[PDB]
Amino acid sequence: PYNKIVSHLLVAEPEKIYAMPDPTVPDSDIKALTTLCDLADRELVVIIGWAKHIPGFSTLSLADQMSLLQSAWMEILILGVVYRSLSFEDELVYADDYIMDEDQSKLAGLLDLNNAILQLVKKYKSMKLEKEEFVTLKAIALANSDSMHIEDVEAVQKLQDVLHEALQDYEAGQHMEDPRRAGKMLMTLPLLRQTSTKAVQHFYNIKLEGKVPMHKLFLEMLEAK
């Protein structure tokens, strides 16, 4: 029975979407990446919707709303994979119908990116990350996304402050045994940022190599980096 912003982000959390890899297409690197880029395109729509439930996000200018999402979108996608993967060992749950082990990662050419995502999984598993913390960190990653293009720096700082205050209140209430738990959660964000950079670089390379079709929204978010 905790912080109201945390409560709200929990009920704002979107429903899972399925990858639905085309069962008429033969299994290949191109099929795996096409499947993952299609899933990312669809999850970006859901993410834009979610961001509007984040208290105060909708009061920013449309330019600032776009700036935060263009900076943070891959971090938010990664955190979803991470959260879904916490009850697994050495597997990434991209979706309930798309669980990637080492074998599938090698076949997709994603072994290095997927190993970095697994390092995030193993850290949050050792901290026993709760859904409450997951949704709060997702929002903080959006607010703290270091865009060079913000118009109202004070308004974005205020959003950062509101969500950080929510995280601190939740940990103070729920995790009295570890007075440093909120800071330990914030100290996971550098590896999240690092992994997002590697993922965006990787998918940018795939876009240039021209062999994997990609939807308009995914390509626009990739172009913005």
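Whichever C-alpha set is largest while still superposing within 1.5 Å between the two forms counts as the rigid core. Heads up: residue numbers just count along the shown sequence, starting at 1.
Trainee: After superposing on the rigid core, which of 212 to 220 and 13 to 21 has its C-alpha atoms sitting farther from this form in 9 other deposited structures of this protein?
Mentor: Checking 212 to 220 against 13 to 21 in 9 other deposited structures of this protein, I find the farther stretch is 13 to 21.
Trainee: Return whichever of 106 to 114 and 93 to 101 has the greater mean Cα B factor according to the PDB record.
Mentor: The deposited B-factors put 106 to 114 ahead on the C-alpha mean.
Trainee: Hey, which bit's got the bigger mean C-alpha B factor in the entry, 151 to 159 or 74 to 82?
Mentor: Result: 151 to 159.
Trainee: Go through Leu62, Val45, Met185, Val200 one by one and give the residue whose Cα B-factor in the PDB entry is largest.
Mentor: Highest C-alpha B-factor among the listed residues goes to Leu62.
Trainee: Going by the CA temperature factor in the entry, name the top one among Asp27, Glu171, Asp38, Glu165.
Mentor: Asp27 has the highest C-alpha B-factor of those listed.
Trainee: Per the entry's values, where does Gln119 land by CA temperature factor relative to the rest of its chain, in the lowest, middle or highest third?
Mentor: It falls in the middle third of the chain.
Trainee: Lowest, middle or highest third: where is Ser58 by C-alpha B factor in its chain?
Mentor: Ranked within chain, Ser58 CA B lands in the highest tercile.
Trainee: Lowest, middle or highest third of the chain for the C-alpha temperature factor of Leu9?
Mentor: According to the entry, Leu9 has a C-alpha B-factor in the chain's lowest third.
Trainee: Please rank the C-alpha B-factors of the chain's modelled residues and tell me whether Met176 sits in the lowest, middle or highest third.
Mentor: According to the entry, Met176 has a C-alpha B-factor in the chain's highest third.
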